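Below is one structure; the comments refer to it alone.
Worth knowing before you read on, the calculation uses all heavy atoms, side chains too, and leaves out hydrogens, waters and symmetry mates. So you know, we letter chains A, B, ... as the sequences are listed, proteins then strands, and number each from 1.
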2 protein chains.
Amino acid sequence: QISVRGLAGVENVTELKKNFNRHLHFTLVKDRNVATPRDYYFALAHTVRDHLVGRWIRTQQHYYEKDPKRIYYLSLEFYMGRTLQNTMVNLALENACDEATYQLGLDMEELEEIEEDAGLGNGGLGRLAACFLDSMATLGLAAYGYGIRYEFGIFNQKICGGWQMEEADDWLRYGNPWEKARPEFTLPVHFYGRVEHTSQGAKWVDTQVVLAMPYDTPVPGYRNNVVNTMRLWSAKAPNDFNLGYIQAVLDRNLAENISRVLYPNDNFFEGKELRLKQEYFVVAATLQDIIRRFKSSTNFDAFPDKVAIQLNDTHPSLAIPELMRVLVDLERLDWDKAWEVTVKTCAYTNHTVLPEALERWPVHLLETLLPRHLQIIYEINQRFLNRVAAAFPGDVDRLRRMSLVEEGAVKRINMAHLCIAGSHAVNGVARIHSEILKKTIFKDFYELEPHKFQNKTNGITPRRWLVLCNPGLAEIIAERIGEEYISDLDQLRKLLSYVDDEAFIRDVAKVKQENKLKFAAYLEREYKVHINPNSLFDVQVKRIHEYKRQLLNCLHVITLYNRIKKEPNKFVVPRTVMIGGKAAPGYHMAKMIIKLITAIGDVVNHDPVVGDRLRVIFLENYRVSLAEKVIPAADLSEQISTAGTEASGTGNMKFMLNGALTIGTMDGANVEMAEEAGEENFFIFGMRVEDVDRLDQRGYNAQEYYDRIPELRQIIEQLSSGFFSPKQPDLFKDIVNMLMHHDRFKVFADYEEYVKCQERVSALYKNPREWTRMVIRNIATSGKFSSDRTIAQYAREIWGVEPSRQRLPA
Amino acid sequence: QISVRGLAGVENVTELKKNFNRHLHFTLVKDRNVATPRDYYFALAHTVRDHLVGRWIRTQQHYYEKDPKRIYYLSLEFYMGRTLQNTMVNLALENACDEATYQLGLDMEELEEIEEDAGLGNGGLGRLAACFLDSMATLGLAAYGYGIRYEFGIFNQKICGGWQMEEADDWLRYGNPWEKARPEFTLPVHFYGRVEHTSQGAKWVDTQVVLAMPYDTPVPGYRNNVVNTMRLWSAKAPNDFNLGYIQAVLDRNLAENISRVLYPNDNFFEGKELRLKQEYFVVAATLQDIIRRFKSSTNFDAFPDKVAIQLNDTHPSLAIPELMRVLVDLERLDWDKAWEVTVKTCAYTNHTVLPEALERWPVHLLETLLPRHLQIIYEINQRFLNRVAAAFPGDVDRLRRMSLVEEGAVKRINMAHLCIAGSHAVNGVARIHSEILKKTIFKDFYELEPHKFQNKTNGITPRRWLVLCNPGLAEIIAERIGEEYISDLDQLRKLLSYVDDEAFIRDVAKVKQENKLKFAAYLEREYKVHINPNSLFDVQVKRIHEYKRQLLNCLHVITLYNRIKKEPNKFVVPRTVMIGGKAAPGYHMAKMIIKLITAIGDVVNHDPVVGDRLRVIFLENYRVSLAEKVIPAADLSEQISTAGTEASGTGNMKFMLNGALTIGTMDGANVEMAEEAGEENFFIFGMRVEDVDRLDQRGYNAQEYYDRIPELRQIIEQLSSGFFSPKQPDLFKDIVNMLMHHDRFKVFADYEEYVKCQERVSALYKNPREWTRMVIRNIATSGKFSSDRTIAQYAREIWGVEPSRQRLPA
Ligand SMILES: O=c1[nH]cnc2c1ncn2[C@@H]1O[C@@H](COP(=O)(O)O)[C@@H](O)[C@H]1O
Ligand SMILES: O=c1[nH]cnc2c1ncn2[C@@H]1O[C@@H](COP(=O)(O)O)[C@@H](O)[C@H]1O
Ligand SMILES: N[C@@H]1[C@@H](O)[C@H](O)[C@@H](CO)O[C@H]1c1nc(-c2ccccc2)c[nH]1
Ligand SMILES: N[C@@H]1[C@@H](O)[C@H](O)[C@@H](CO)O[C@H]1c1nc(-c2ccccc2)c[nH]1
Ligand SMILES: *Cc1c(COP(=O)(O)O)cnc(C)c1O
Ligand SMILES: *Cc1c(COP(=O)(O)O)cnc(C)c1O
């Protein structure tokens, strides 16, 4: 149908058809008379998977032969989403598969909807890991993603009576055709035990053993025949575990629980023993695999020339002391040599400055679970502080601040300090964030070792986030500038030559309109909700958090409602306000925010005076597959975190690529997006980081805003008095109390500027030609936010390897 | 190579080779440079599986179209063993696969050794279920085996310091290529709750739900293109189960434990709640499947014309009240109509008379777990006893004896009484056993309803237990009488015409010798033990039990040792005495018997005066795959249970088919084997059932035998004084005390006759020509013991269906 989906040649189509029928019969053991759509989805998935296999085998062979430097990306989260469409796009099979299925009487788009998301992450951090794998394969890097194969990924969200309920995400129920179990490469991981000091060094003895069994998933690059590996570990008890008899067998679950469930917290640290087990499990299995592969290619001096380990936040920080353990206790290197190797091998990416998200493990947990690692951490700390003392003599407070060990009621290990000490590179994830790291929380470390500190601004893959989710936009772009932009997104700048072209303006607006109609129908079909597709689609999708300020959006929505009720016969630009996202199950305030959003909807959506001028919809079960549907449909992207709190953001970049304008604060990557597009093409409002600091110095008093802004006072009185909860008048008192007395994120302080900025948005939306011209200016300057750019920078500036766009032979 | 293994045609061989390479590449994702023997085994298994699929689909289609009466064989155990070779034999692919693999540079016999046994049974009962499935498919019956897919089958046995240690049987670790998950046919099963009585009958409410997910395994018939289904249920928690968050997800194990592990007791009842859950789980899921299939083919009068349910012992006895529950509570049939349907549908096979093996569930367990089923059981009981009272007026003791409810400290339900009441047919498993049922434990029931009581003597499949395990014997038979005997084992009678044929005598002896050499080499390779292959191979393999009298064998072995030590320079026929079998983990005396056997070996095998004249070997990890190796190698089969205790036995029949002579008591099927072969061709000894009864009436006094038999006294003094345990002189005191004071199985009472009979065995072994002629007489008369015969009798006399040897089209 469309050019960017590839060729549908007669021989290709014939072969796909016969292999589809082969898999239905032999693999699924069904005849066509009782096959369901799910059976047809599996038969297609197996057919497409067969095309990956030859390339996967050849790619891994090529790495064994050439022996390039290997990149190991360690993460507790890989938020992959669905695989079928992405695989077809990357192998140029989409049009052929569409045709093959069409000729068999099937609708491929319907089959695609049957696939479960692989939901092995919480949000941005996990999704970044997934985008990075796609870019590393596309850039020809010998890269491996290592993680945990959780049996249960991020929970499915149901809304009941306006409240979030959680259900287990049993994503493997029907099988996962993309993975290959490799039980032959199972490795042991040790826990508990004690340390014995012999004459030939330390020995970690009397341990409990859990086995780590790997499952491998192919990661195809874009049209280059490179297929890399994501290796995910699953926990298995040994066969003599606990070995009355029946109970001993049932108690194997105690070991296997390590890989059972993803911790469902976004940007928050929960210091539970099971989480610590997960972190060590992934590190210990991965490092054995790395060392095996290195030995099969005695002399560890070359280790950093052949291996890079990238730590995705501090979650895999135990890699540092584990590498030291292996090199010192098992390989018998002297400490100084081992430390040199470790530092040159490891690099640390920080993704947050919120204090509640920083990992600080109690010493007593590490002492019991990982006694040798604790000894190694203490030794690292002593040697590190000896360097600090020599550089800054007499500065005793600096020694306390920089210590890996935090004093207090409970002594804790600061994992970020460990990562900085043991890594040759430390980066933040947007320019403003990397500057904040150097000026505030890691200032001391920067003064000691300025050379370590870098920036690598985040990005998103344009394969999933343009070609896959918005083929109509990809096509109209390709008609003008060709297809090369898909792996070289900077070529979108060429679109600035079309900003005055009437045909292009029309086509851009037409694609948005089609995406809106398609999303409005999806809503009606799957959720029985009716929306006006001529309205401005105002969208805030992201995890529910105080710092992300869904509450500020709520205040604007109520302001609009109150303005309509005051002057009902005045024209206002119609809006559909859509908010979606999961709350962590234990995060009470986030759960209350969801309830407020649905409660506002219950009033606004049923007021006959409002009509179709304002609708408030809570989008249930926000996840990667839903992002792919809603983001192409959005007109306005809400990126409204308090300045200094969102390290980068990546949803922001997805919306920019897909033809939404952005209303946002100067936070995270929003700063760089505005710089690329021009501030005149962005709806910037609110306090900058410097203004937040000035307010904190004099003291934030929310009462002052309440006293001075009548529209704000009215909303608080409505919340307090039960206007949005007539049967439970005090339902929102915790929200009111927080806003008035304990608001760390200064919602009221940005309210006036936010409302005024929203009025400018509405004014521009009234002039569709100028709205669309501004959109073109945003899409055209979005090239910097390709994860291909991000990964090329990591490769050159951190890993010491050169990217390549050259194809392997087919 | 040999004719009974089929044709190796050029086109077949070419196609197997290309499909093998296809599976290695696409299914296993390996290239030949790193493939292991395990990868090659899987590639062959997938290649062979592909040939089953078309036949499986066609067979199940044919049943949907023709709508024959369906046979449902319900069992807690299916002891399947390995599948690869059996599938090749039944599809006539063995020679083609041998050739195809040979041309690829691989040895198929080595690949076959990699496959795990499917060990989902304890011994005879589970293995009978497996033989029956093979015979039902071979006889063209629309039959389904229904059971539980245990994650852990019968434990792997290790011997350490002469003691049994247990290890989990992680049989699914590398995957199971034979099964197909069918998550789309998942069904709910209810537990706990309470009963509400409305105006429209009873309702079982407030239950906990566990999901039953089926896995289907193909069951090929012998060369007839019929492939039936074994459907095994696996337990899954619903997604809202327990739905802080993390703990709720981890607690899904409480539901999923139902299918985790096989209870490892043979011929013994352990009344644990988990076992009861297992029994209901299999019944409840199975019955829904049965009813679904019946409705898709309102009027339950035709139910018994379309459905037969065979209960494999009382383990699935809850089928009776579950069927009543469904028909009365859900379909709203009146009680009397429902009961008529139930009785005509169900039939019960009893497999034991040992009191400790009979299921008697405490009422309090059923009251909590299955409250509606308990109410239905009480109603069945009241109506049943009303019939008894009308037939035998005033016989109040008979009412107490026949009640389904047993009075006492703890009230219990007698499940055997429930099965008799609710079944149209009740059978035992050998003639002597079925007579014992009518004369002793079910005498009262027989007097009320004599028409219900039948015999169906057990059998074994000649596919696995001759063709597969002893191809050399199968071939020399086939050279004389053709191949038809493999599905019509009565044709072996034709071999009586060859009993004086010198060439046949030579060939029979040569095959045995080859099997002995092959087994003697296996022992050396896998277990570092050396045996004399010219010795008489004296074999007792079966689960370790007091009633099976491994101890009587032990007394004979010590007698032989003592006779050698007394007269070392006298000739004795050399023997290798092999004993193997698993002990239930909680069965202390069985564990002590294993220790005694290894302790005897430690003395006998290292005494230089004995030399190679006597060796005692404990065969570790006895299981179906080991039976296939040792049984073809045996000269003497030990079948020495106390008369009246072994319901049938089936190992006995395996040995007869494979050219061993039998030393045995007149117990179980030994009686019928002796009758078929002639008593002159069998080594019969010991008390008959009648002699056991006479001894019980006057009182068994073991001291009398000790006082009268000096050789026996010497052995007991050796045991007591630490001759076989010098470092722990009192190690065997429990064994001595049991033999002298509390022996229910009268070991001493059969000792003298056993030893004398063993002397006759040795005398015959000295004359190889006459030994071999007696062997031919046994093999020739073994035809009655085909499970094809057994199944034809069930089909005609119980199920009301006609067997068929006609082939479906290929
Ligand atoms: O010893 C070897 N001989 C031949 N090829 C090897 C060997 N070791 C690794 N390879 C190749 O590279 C491997 C990739 O797996 P890895 O061990 O995870 O790196 C295999 O799939 C082979 O293609
Ligand atoms: O509604 C139907 N239409 C066509 N074929 C059916 C239908 N129901 C069952 N079958 C056939 O018989 C089935 C065997 O599965 P069953 O439901 O377990 O008996 C399928 O595999 C079909 O081949
Ligand atoms: N909030 C940032 C977000 O601004 C950023 O775009 C994303 C990727 O760098 O990482 C997110 C992030 N997620 C975590 C996180 C996730 C799970 C557990 C603990 C921390 C820390 N940081
Ligand atoms: N001992 C008989 C044996 O004589 C008989 O050959 C076999 C098959 O009928 O069934 C065995 C049997 N096994 C059980 C059993 C198995 C597991 C749990 C409880 C009872 C009962 N009966
Ligand atoms: C991109 C993405 C995120 C991150 O969005 P932010 O607005 O940067 O927090 C979270 N969840 C999903 C499902 C995503 O695709
Ligand atoms: C046949 C068989 C049995 C039953 O043997 P009996 O001597 O009848 O108790 C037990 N276990 C295995 C592995 C078998 O093949």
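For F155(A), the parts lying under 4.5 angstrom from a heavy atom of chain B are both the backbone and the side chain. When heavy atoms are compared at a cutoff of 4.5 Å, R38(A) does not approach chain B at all. Residue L211(B) touches chain A through its side chain alone, counting heavy-atom pairs closer than 4.5 Å. There is no contact between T36(B) and chain A, counting heavy-atom distances below 4.5 Å. Of the two parts of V261(B), only the side chain, counted from C-beta on, holds a non-hydrogen atom closer than 4.5 Å to a non-hydrogen atom of chain A. For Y174(B), the parts sitting under 4.5 Å from any heavy atom of chain A are the backbone and the side chain alike. For a residue to count as touching a neighbouring chain, one of its non-hydrogen atoms must lie under 4.5 Å from one of that chain's; by this rule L52(A) does not touch chain B.
Highest contact tally toward chain A, considering only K180(B), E166(B), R182(B), is held by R182(B) [criterion: heavy-atom pairs under 4.5 Å]. Heavy-atom pairs under 4.5 Å with chain A peak, among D31(B), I246(B), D216(B), at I246(B).
By the 6.0 Å contact criterion, CE on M165(A) is open, its count of non-hydrogen atoms from other residues, nucleotides or ligands being 12 or less. Within a 6.0 Å radius of CZ in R173(A), other residues, nucleotides and ligands contribute more than 12 heavy atoms. Annotation: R58(B), atom CZ; neighbour count of heavy atoms from other residues, nucleotides and ligands within 6.0 Å does not exceed 12.
The aromatic rings of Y40(B) and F20(B) sit parallel, their planes meeting at an angle under 30°, below the 60° perpendicular limit.
Counting heavy atoms from C-beta on, the side chains of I258(B) and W233(B) never come closer than 4.5 Å. Taking the side chain as every heavy atom from C-beta outward, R543(B) and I154(B) approach each other to under 4.5 Å. Looking at heavy atoms from C-beta onward, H23(A) lies in side-chain contact with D50(A) at the 4.5 angstrom threshold.
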